[PDB]
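**Student:** I'm passing along work-v5.txt; it holds compact mmCIF, N, CA and C atoms.
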# COMPACT_ATOMS: atom_id res chain seq x y z
N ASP A 389 46.03 115.38 219.80
CA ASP A 389 46.68 116.45 220.57
C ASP A 389 46.12 117.81 220.16
N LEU A 390 45.13 117.79 219.27
CA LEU A 390 44.73 119.02 218.57
C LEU A 390 43.28 119.36 218.86
N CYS A 391 43.00 120.65 218.92
CA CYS A 391 41.61 121.13 218.98
C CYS A 391 41.26 121.87 217.70
N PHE A 392 39.96 121.97 217.42
CA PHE A 392 39.41 122.68 216.25
C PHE A 392 38.07 123.27 216.62
N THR A 393 37.68 124.35 215.94
CA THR A 393 36.37 124.98 216.18
C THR A 393 35.28 124.08 215.64
N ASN A 394 35.49 123.57 214.43
CA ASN A 394 34.48 122.71 213.80
C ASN A 394 35.14 121.59 213.03
N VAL A 395 34.41 120.49 212.90
CA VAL A 395 34.78 119.39 212.00
C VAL A 395 33.59 119.11 211.09
N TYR A 396 33.87 118.89 209.81
CA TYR A 396 32.80 118.53 208.86
C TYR A 396 33.06 117.13 208.35
N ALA A 397 32.09 116.25 208.58
CA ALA A 397 32.08 114.89 208.02
C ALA A 397 31.19 114.87 206.79
N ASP A 398 31.82 114.87 205.62
CA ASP A 398 31.10 114.79 204.34
C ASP A 398 31.05 113.33 203.93
N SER A 399 29.85 112.76 203.92
CA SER A 399 29.64 111.33 203.63
C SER A 399 28.96 111.16 202.28
N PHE A 400 29.40 110.15 201.52
CA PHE A 400 28.82 109.77 200.22
C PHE A 400 29.37 108.43 199.76
N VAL A 401 28.87 107.96 198.61
CA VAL A 401 29.31 106.68 198.01
C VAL A 401 29.73 106.92 196.56
N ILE A 402 30.85 106.30 196.19
CA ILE A 402 31.38 106.29 194.82
C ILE A 402 31.84 104.87 194.48
N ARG A 403 32.26 104.68 193.24
CA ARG A 403 32.89 103.40 192.85
C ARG A 403 34.39 103.47 193.16
N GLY A 404 35.01 102.30 193.31
CA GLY A 404 36.41 102.13 193.73
C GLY A 404 37.39 103.02 192.98
N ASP A 405 37.36 102.97 191.65
CA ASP A 405 38.37 103.61 190.79
C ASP A 405 38.27 105.14 190.90
N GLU A 406 37.18 105.64 191.47
CA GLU A 406 36.95 107.08 191.59
C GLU A 406 37.40 107.60 192.95
N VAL A 407 37.84 106.71 193.84
CA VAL A 407 38.29 107.08 195.20
C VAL A 407 39.47 108.04 195.08
N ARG A 408 40.29 107.83 194.06
CA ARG A 408 41.48 108.65 193.77
C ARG A 408 41.09 110.10 193.46
N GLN A 409 39.87 110.34 192.99
CA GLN A 409 39.39 111.69 192.67
C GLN A 409 39.10 112.48 193.94
N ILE A 410 38.94 111.78 195.07
CA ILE A 410 38.73 112.46 196.36
C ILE A 410 40.09 112.74 196.98
N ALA A 411 40.69 113.82 196.51
CA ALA A 411 42.00 114.31 196.93
C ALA A 411 42.18 115.71 196.34
N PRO A 412 43.03 116.56 196.95
CA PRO A 412 43.28 117.91 196.45
C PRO A 412 43.82 117.91 195.02
N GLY A 413 43.27 118.80 194.20
CA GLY A 413 43.72 119.06 192.83
C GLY A 413 43.55 117.88 191.91
N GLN A 414 42.49 117.10 192.08
CA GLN A 414 42.20 115.98 191.16
C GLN A 414 41.18 116.43 190.12
N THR A 415 41.14 115.71 189.01
CA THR A 415 40.20 115.99 187.91
C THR A 415 39.39 114.75 187.58
N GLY A 416 38.27 114.98 186.91
CA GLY A 416 37.32 113.93 186.52
C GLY A 416 35.90 114.29 186.87
N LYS A 417 34.97 113.42 186.50
CA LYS A 417 33.52 113.62 186.72
C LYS A 417 33.28 113.98 188.18
N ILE A 418 33.86 113.21 189.09
CA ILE A 418 33.57 113.35 190.53
C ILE A 418 34.15 114.66 191.04
N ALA A 419 35.44 114.86 190.80
CA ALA A 419 36.17 116.02 191.31
C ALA A 419 35.63 117.31 190.69
N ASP A 420 34.98 117.21 189.53
CA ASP A 420 34.57 118.41 188.78
C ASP A 420 33.10 118.74 189.04
N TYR A 421 32.24 117.73 189.05
CA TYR A 421 30.78 117.95 188.97
C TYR A 421 30.08 117.49 190.24
N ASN A 422 30.76 116.72 191.08
CA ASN A 422 30.09 116.08 192.23
C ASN A 422 30.62 116.63 193.54
N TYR A 423 31.93 116.53 193.73
CA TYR A 423 32.55 116.91 195.01
C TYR A 423 33.98 117.33 194.79
N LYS A 424 34.27 118.58 195.10
CA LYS A 424 35.59 119.17 194.83
C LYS A 424 36.27 119.48 196.16
N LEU A 425 37.49 118.98 196.29
CA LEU A 425 38.33 119.35 197.43
C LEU A 425 39.19 120.55 197.03
N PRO A 426 39.48 121.47 197.98
CA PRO A 426 40.40 122.57 197.72
C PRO A 426 41.84 122.07 197.62
N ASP A 427 42.68 122.85 196.95
CA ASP A 427 44.10 122.51 196.74
C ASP A 427 44.83 122.56 198.08
N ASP A 428 44.29 123.32 199.04
CA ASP A 428 44.89 123.53 200.36
C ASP A 428 44.07 122.81 201.42
N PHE A 429 43.45 121.70 201.04
CA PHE A 429 42.61 120.91 201.95
C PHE A 429 43.45 120.42 203.11
N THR A 430 42.90 120.57 204.31
CA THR A 430 43.52 120.08 205.54
C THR A 430 42.51 119.19 206.23
N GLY A 431 42.63 117.90 205.98
CA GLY A 431 41.75 116.93 206.65
C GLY A 431 41.99 115.53 206.16
N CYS A 432 41.07 114.65 206.50
CA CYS A 432 41.23 113.21 206.24
C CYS A 432 40.16 112.73 205.28
N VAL A 433 40.54 111.76 204.46
CA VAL A 433 39.62 111.06 203.54
C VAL A 433 39.68 109.60 203.91
N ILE A 434 38.52 109.07 204.26
CA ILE A 434 38.39 107.67 204.68
C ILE A 434 37.42 107.02 203.72
N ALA A 435 37.82 105.87 203.20
CA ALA A 435 37.00 105.12 202.25
C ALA A 435 37.16 103.64 202.53
N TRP A 436 36.04 102.94 202.46
CA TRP A 436 36.04 101.48 202.60
C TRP A 436 35.00 100.87 201.68
N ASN A 437 35.33 99.68 201.20
CA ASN A 437 34.44 98.90 200.33
C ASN A 437 33.12 98.64 201.05
N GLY B 971 64.47 125.89 186.08
CA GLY B 971 63.91 124.55 186.22
C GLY B 971 62.42 124.52 185.99
N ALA B 972 61.84 125.67 185.65
CA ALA B 972 60.41 125.69 185.33
C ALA B 972 60.21 125.27 183.88
N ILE B 973 58.96 125.08 183.50
CA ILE B 973 58.61 124.60 182.15
C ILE B 973 58.80 125.74 181.16
N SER B 974 58.75 126.98 181.63
CA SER B 974 58.99 128.13 180.76
C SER B 974 59.48 129.33 181.55
N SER B 975 60.14 130.23 180.84
CA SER B 975 60.66 131.47 181.41
C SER B 975 59.57 132.53 181.37
N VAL B 976 58.46 132.23 180.72
CA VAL B 976 57.39 133.22 180.62
C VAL B 976 56.34 132.85 181.64
N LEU B 977 55.75 133.85 182.25
CA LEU B 977 54.83 133.58 183.36
C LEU B 977 53.44 133.31 182.79
N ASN B 978 53.07 134.08 181.77
CA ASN B 978 51.76 133.93 181.13
C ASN B 978 51.66 132.55 180.48
N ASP B 979 52.77 132.05 179.95
CA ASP B 979 52.77 130.73 179.30
C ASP B 979 52.40 129.65 180.32
N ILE B 980 52.98 129.73 181.51
CA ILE B 980 52.66 128.77 182.58
C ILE B 980 51.20 128.92 182.96
N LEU B 981 50.76 130.15 183.12
CA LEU B 981 49.39 130.41 183.56
C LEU B 981 48.39 129.90 182.53
N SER B 982 48.77 129.98 181.25
CA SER B 982 47.85 129.63 180.16
C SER B 982 47.94 128.14 179.88
N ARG B 983 48.89 127.45 180.49
CA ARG B 983 49.08 126.04 180.15
C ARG B 983 48.65 125.15 181.30
N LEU B 984 48.90 125.58 182.53
CA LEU B 984 48.62 124.72 183.67
C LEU B 984 47.45 125.23 184.50
N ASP B 985 46.90 124.33 185.31
CA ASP B 985 45.93 124.66 186.37
C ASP B 985 46.68 125.20 187.58
N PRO B 986 46.03 125.98 188.47
CA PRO B 986 46.66 126.51 189.68
C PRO B 986 47.55 125.55 190.48
N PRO B 987 47.13 124.29 190.77
CA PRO B 987 47.93 123.43 191.65
C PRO B 987 49.35 123.13 191.18
N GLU B 988 49.57 123.23 189.87
CA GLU B 988 50.86 122.91 189.25
C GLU B 988 51.56 124.19 188.83
N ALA B 989 50.78 125.15 188.34
CA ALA B 989 51.28 126.48 188.00
C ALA B 989 51.92 127.10 189.24
N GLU B 990 51.41 126.75 190.42
CA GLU B 990 51.96 127.25 191.67
C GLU B 990 53.41 126.81 191.81
N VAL B 991 53.67 125.55 191.49
CA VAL B 991 55.01 124.98 191.64
C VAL B 991 55.94 125.66 190.64
N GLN B 992 55.49 125.77 189.40
CA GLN B 992 56.29 126.39 188.33
C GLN B 992 56.58 127.84 188.68
N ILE B 993 55.57 128.53 189.17
CA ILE B 993 55.75 129.95 189.46
C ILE B 993 56.65 130.10 190.68
N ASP B 994 56.62 129.12 191.58
CA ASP B 994 57.50 129.17 192.75
C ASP B 994 58.93 129.07 192.29
N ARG B 995 59.16 128.25 191.27
CA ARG B 995 60.49 128.08 190.70
C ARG B 995 60.95 129.41 190.12
N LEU B 996 60.09 130.03 189.34
CA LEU B 996 60.45 131.31 188.71
C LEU B 996 60.67 132.38 189.77
N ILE B 997 59.81 132.40 190.77
CA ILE B 997 59.87 133.46 191.78
C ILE B 997 61.17 133.34 192.54
N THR B 998 61.50 132.12 192.95
CA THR B 998 62.75 131.88 193.66
C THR B 998 63.90 132.41 192.82
N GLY B 999 63.91 132.02 191.55
CA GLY B 999 64.98 132.40 190.62
C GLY B 999 65.10 133.90 190.49
N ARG B 1000 63.98 134.55 190.25
CA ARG B 1000 64.06 135.98 189.94
C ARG B 1000 64.35 136.77 191.19
N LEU B 1001 63.83 136.30 192.32
CA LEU B 1001 64.05 137.04 193.55
C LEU B 1001 65.53 136.95 193.91
N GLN B 1002 66.11 135.78 193.66
CA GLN B 1002 67.52 135.58 193.98
C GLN B 1002 68.32 136.52 193.10
N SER B 1003 67.89 136.63 191.86
CA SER B 1003 68.57 137.47 190.88
C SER B 1003 68.50 138.94 191.31
N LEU B 1004 67.35 139.36 191.82
CA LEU B 1004 67.24 140.74 192.27
C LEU B 1004 68.11 140.99 193.48
N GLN B 1005 68.17 140.02 194.39
CA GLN B 1005 68.95 140.27 195.61
C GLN B 1005 70.39 140.44 195.21
N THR B 1006 70.81 139.66 194.22
CA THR B 1006 72.18 139.73 193.73
C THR B 1006 72.44 141.14 193.26
N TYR B 1007 71.51 141.65 192.46
CA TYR B 1007 71.70 142.96 191.84
C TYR B 1007 71.76 144.02 192.92
N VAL B 1008 70.89 143.93 193.90
CA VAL B 1008 70.85 144.97 194.94
C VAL B 1008 72.12 144.94 195.77
N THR B 1009 72.62 143.75 196.07
CA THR B 1009 73.83 143.65 196.88
C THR B 1009 74.99 144.25 196.11
N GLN B 1010 75.12 143.89 194.84
CA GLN B 1010 76.21 144.43 194.01
C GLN B 1010 76.10 145.94 194.00
N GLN B 1011 74.88 146.45 193.92
CA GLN B 1011 74.68 147.89 193.80
C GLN B 1011 75.03 148.58 195.10
N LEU B 1012 74.78 147.92 196.23
CA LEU B 1012 75.11 148.51 197.52
C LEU B 1012 76.60 148.69 197.62
N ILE B 1013 77.30 147.63 197.25
CA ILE B 1013 78.76 147.65 197.34
C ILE B 1013 79.29 148.69 196.36
N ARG B 1014 78.73 148.73 195.16
CA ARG B 1014 79.26 149.64 194.15
C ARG B 1014 78.98 151.07 194.58
N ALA B 1015 77.87 151.27 195.27
CA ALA B 1015 77.53 152.62 195.70
C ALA B 1015 78.47 153.05 196.81
N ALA B 1016 78.89 152.08 197.62
CA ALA B 1016 79.86 152.37 198.68
C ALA B 1016 81.17 152.84 198.06
N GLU B 1017 81.57 152.19 196.98
CA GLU B 1017 82.81 152.54 196.29
C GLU B 1017 82.69 153.96 195.74
N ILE B 1018 81.52 154.27 195.18
CA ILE B 1018 81.31 155.58 194.56
C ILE B 1018 81.26 156.64 195.64
N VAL C 341 42.10 108.05 164.93
CA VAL C 341 43.09 107.46 165.85
C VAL C 341 42.38 106.69 166.96
N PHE C 342 41.41 107.32 167.61
CA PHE C 342 40.72 106.74 168.77
C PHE C 342 39.76 105.64 168.34
N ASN C 343 39.10 105.85 167.21
CA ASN C 343 38.09 104.92 166.68
C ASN C 343 38.72 103.99 165.66
N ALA C 344 40.05 103.91 165.62
CA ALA C 344 40.76 102.96 164.75
C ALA C 344 40.37 101.54 165.12
N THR C 345 40.11 100.74 164.09
CA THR C 345 39.63 99.35 164.21
C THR C 345 40.72 98.49 164.84
N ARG C 346 41.94 98.62 164.33
CA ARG C 346 43.09 97.84 164.80
C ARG C 346 44.21 98.79 165.20
N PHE C 347 44.92 98.40 166.25
CA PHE C 347 46.06 99.18 166.77
C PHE C 347 47.35 98.45 166.45
N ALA C 348 48.44 99.20 166.51
CA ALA C 348 49.79 98.67 166.27
C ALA C 348 50.37 98.14 167.58
N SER C 349 51.32 97.21 167.46
CA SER C 349 52.09 96.72 168.61
C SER C 349 52.96 97.84 169.17
N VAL C 350 53.26 97.75 170.46
CA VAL C 350 54.01 98.81 171.17
C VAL C 350 55.39 98.98 170.54
N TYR C 351 56.02 97.90 170.09
CA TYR C 351 57.37 97.99 169.51
C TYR C 351 57.30 98.72 168.17
N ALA C 352 56.15 98.62 167.50
CA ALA C 352 55.93 99.24 166.18
C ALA C 352 54.78 100.24 166.26
N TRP C 353 54.77 101.03 167.32
CA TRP C 353 53.73 102.04 167.60
C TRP C 353 53.53 102.96 166.39
N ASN C 354 52.27 103.18 166.02
CA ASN C 354 51.90 104.07 164.91
C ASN C 354 52.05 105.52 165.35
N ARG C 355 52.38 106.36 164.38
CA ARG C 355 52.45 107.82 164.57
C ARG C 355 51.59 108.49 163.51
N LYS C 356 50.60 109.24 163.98
CA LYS C 356 49.74 110.06 163.12
C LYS C 356 50.11 111.51 163.36
N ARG C 357 50.28 112.26 162.29
CA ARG C 357 50.53 113.71 162.40
C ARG C 357 49.21 114.46 162.26
N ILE C 358 49.00 115.41 163.17
CA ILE C 358 47.80 116.28 163.16
C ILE C 358 48.29 117.70 162.89
N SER C 359 47.71 118.32 161.86
CA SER C 359 48.10 119.67 161.43
C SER C 359 46.97 120.34 160.66
N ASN C 360 46.94 121.67 160.75
CA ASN C 360 46.07 122.53 159.93
C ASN C 360 44.62 122.12 160.17
N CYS C 361 44.19 122.23 161.43
CA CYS C 361 42.83 121.89 161.85
C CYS C 361 42.54 122.46 163.23
N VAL C 362 41.26 122.44 163.58
CA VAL C 362 40.78 122.87 164.90
C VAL C 362 40.54 121.63 165.74
N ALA C 363 41.22 121.59 166.89
CA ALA C 363 41.18 120.45 167.81
C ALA C 363 40.20 120.74 168.94
N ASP C 364 39.06 120.06 168.90
CA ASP C 364 38.09 120.17 170.00
C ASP C 364 38.40 119.08 171.02
N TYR C 365 39.22 119.44 172.00
CA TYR C 365 39.71 118.49 173.01
C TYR C 365 38.64 118.14 174.02
N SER C 366 37.55 118.90 174.07
CA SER C 366 36.41 118.56 174.93
C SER C 366 35.96 117.13 174.65
N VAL C 367 35.83 116.80 173.37
CA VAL C 367 35.38 115.49 172.86
C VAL C 367 36.18 114.38 173.55
N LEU C 368 37.40 114.70 173.99
CA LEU C 368 38.24 113.72 174.68
C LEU C 368 38.05 113.80 176.20
N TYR C 369 38.23 114.97 176.80
CA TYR C 369 38.27 115.06 178.27
C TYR C 369 36.86 115.06 178.85
N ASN C 370 35.84 115.21 178.00
CA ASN C 370 34.43 115.15 178.43
C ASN C 370 33.86 113.77 178.11
N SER C 371 34.61 112.95 177.38
CA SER C 371 34.22 111.55 177.13
C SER C 371 34.45 110.73 178.40
N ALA C 372 33.62 109.71 178.59
CA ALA C 372 33.66 108.83 179.76
C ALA C 372 34.30 107.50 179.39
N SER C 373 34.99 107.46 178.26
CA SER C 373 35.46 106.19 177.68
C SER C 373 36.90 105.91 178.11
N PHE C 374 37.52 106.84 178.83
CA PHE C 374 38.96 106.76 179.11
C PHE C 374 39.20 106.56 180.59
N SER C 375 40.10 105.62 180.89
CA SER C 375 40.49 105.29 182.27
C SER C 375 41.64 106.20 182.68
N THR C 376 42.57 106.44 181.75
CA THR C 376 43.74 107.29 182.00
C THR C 376 43.69 108.47 181.03
N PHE C 377 43.71 109.67 181.59
CA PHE C 377 43.85 110.92 180.83
C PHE C 377 44.85 111.77 181.59
N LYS C 378 46.13 111.59 181.30
CA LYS C 378 47.20 112.24 182.08
C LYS C 378 47.98 113.20 181.20
N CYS C 379 47.96 114.47 181.57
CA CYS C 379 48.58 115.52 180.75
C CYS C 379 49.74 116.13 181.51
N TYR C 380 50.87 116.17 180.83
CA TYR C 380 52.12 116.69 181.39
C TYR C 380 52.45 118.00 180.71
N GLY C 381 52.87 118.98 181.51
CA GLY C 381 53.31 120.29 181.00
C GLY C 381 52.17 121.03 180.33
N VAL C 382 50.94 120.63 180.64
CA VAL C 382 49.71 121.21 180.07
C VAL C 382 48.51 120.72 180.86
N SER C 383 47.48 121.55 180.95
CA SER C 383 46.17 121.16 181.50
C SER C 383 45.18 120.98 180.35
N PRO C 384 44.40 119.87 180.36
CA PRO C 384 43.52 119.52 179.24
C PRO C 384 42.56 120.65 178.85
N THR C 385 42.01 121.30 179.87
CA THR C 385 40.96 122.31 179.70
C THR C 385 41.52 123.48 178.91
N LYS C 386 42.77 123.81 179.22
CA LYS C 386 43.50 124.96 178.67
C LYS C 386 43.79 124.74 177.19
N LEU C 387 43.80 123.47 176.76
CA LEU C 387 44.16 123.07 175.40
C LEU C 387 43.33 123.84 174.37
N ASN C 388 42.09 124.15 174.75
CA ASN C 388 41.14 124.84 173.87
C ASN C 388 41.62 126.24 173.51
Spell out the structure here as structure tokens.
**Tutor:**
Amino acid sequence: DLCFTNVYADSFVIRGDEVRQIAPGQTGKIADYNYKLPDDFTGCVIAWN
Amino acid sequence: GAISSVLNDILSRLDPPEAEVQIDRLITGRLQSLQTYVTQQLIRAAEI
Amino acid sequence: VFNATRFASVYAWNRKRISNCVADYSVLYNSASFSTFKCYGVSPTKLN
């Protein structure tokens, strides 16, 4: 039901236990040094084996 | 209901995502306290 | 504590007191050896 000016699809691969780091305000190797989400992130995270 | 009554203590102990919640608790509390004071003062000034 | 050869049972959990020293917490939160590093009422980085 919604429109947006832009959408960004950020694609990458991690291990299973690190999927939890892809969320707002998370800590660890991934969230710190690889890919950081903002605390006010508005979007979707999709992950599959 | 915050972890401390001091604001710097929260800032020096937590990261922004959680310090936000704690500071929201303090802000709510103190703002409520100020409104109380101002209302009392309005009424008292009316009496004066 | 971390490099202890043998650990105690949960019912008889060991307690070590740490005092009068400099705690380099980086050695812990920068280590890749831990599955769970969960800090309550404090942020690990701030510990320094």
**Student:** Find the residues of chain B in contact range of chain C, meaning any atom within 7 Å when counting only N, CA and C atoms, and list them as number ranges by chain.
**Tutor:** B: 973, 982-985
**Student:** With a cut-off of 8 Å and counting all atoms listed in the file, select all residues of chain B in contact with chain A and give the selection as an MDAnalysis selection string.
**Tutor:** chainID B and resid 986:988
**Student:** What residues in chain A lie within 10 Å of chain C, counting only C-alpha atoms, written as a PyMOL selection string?
**Tutor:** chain A and resi 405+415-417
**Student:** To one decimal place, how far is atom CA of residue C:361 from atom N of residue C:345 in Å?
**Tutor:**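 Computing it gives 21.4 Å between the two atoms.
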**Student:** In Å, rounded to a single decimal, give me how far atom C of residue C:368 is from atom N of residue A:419.
**Tutor:**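 For atom N of residue A:419 relative to atom C of residue C:368, the distance reads 14.9 Å.
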**Student:** Neighbourhood query: residues within 5 Å of (40.0, 111.2, 200.4), file coordinates, counting only N, CA and C atoms; return as JSON, numbers by chain.
**Tutor:** {"A": [410, 411, 433, 434]}
**Student:** Keeping N, CA and C atoms, export the residues of the selection given above as a short mmCIF file (atom, residue, chain, number, x, y, z; two decimals), in the frame of the given file.
**Tutor:**
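Ended up saving to result00.cif:
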data_model
loop_
_atom_site.label_atom_id
_atom_site.label_comp_id
_atom_site.auth_asym_id
_atom_site.auth_seq_id
_atom_site.Cartn_x
_atom_site.Cartn_y
_atom_site.Cartn_z
N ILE A 410 38.94 111.78 195.07
CA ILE A 410 38.73 112.46 196.36
C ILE A 410 40.09 112.74 196.98
N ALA A 411 40.69 113.82 196.51
CA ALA A 411 42.00 114.31 196.93
C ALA A 411 42.18 115.71 196.34
N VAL A 433 40.54 111.76 204.46
CA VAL A 433 39.62 111.06 203.54
C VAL A 433 39.68 109.60 203.91
N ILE A 434 38.52 109.07 204.26
CA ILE A 434 38.39 107.67 204.68
C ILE A 434 37.42 107.02 203.72
#
**Student:** Going by DSSP on the backbone, which residues of chain C come out as alpha helix (DSSP H)? List them as an MDAnalysis selection string.
**Tutor:** chainID C and resid 366:369
**Student:** Just the number, please: distance in Å from atom C of residue B:1011 to atom N of residue B:997, one decimal.
**Tutor:**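 Answer for the atom C of residue B:1011 to atom N of residue B:997 separation: 22.6 Å.
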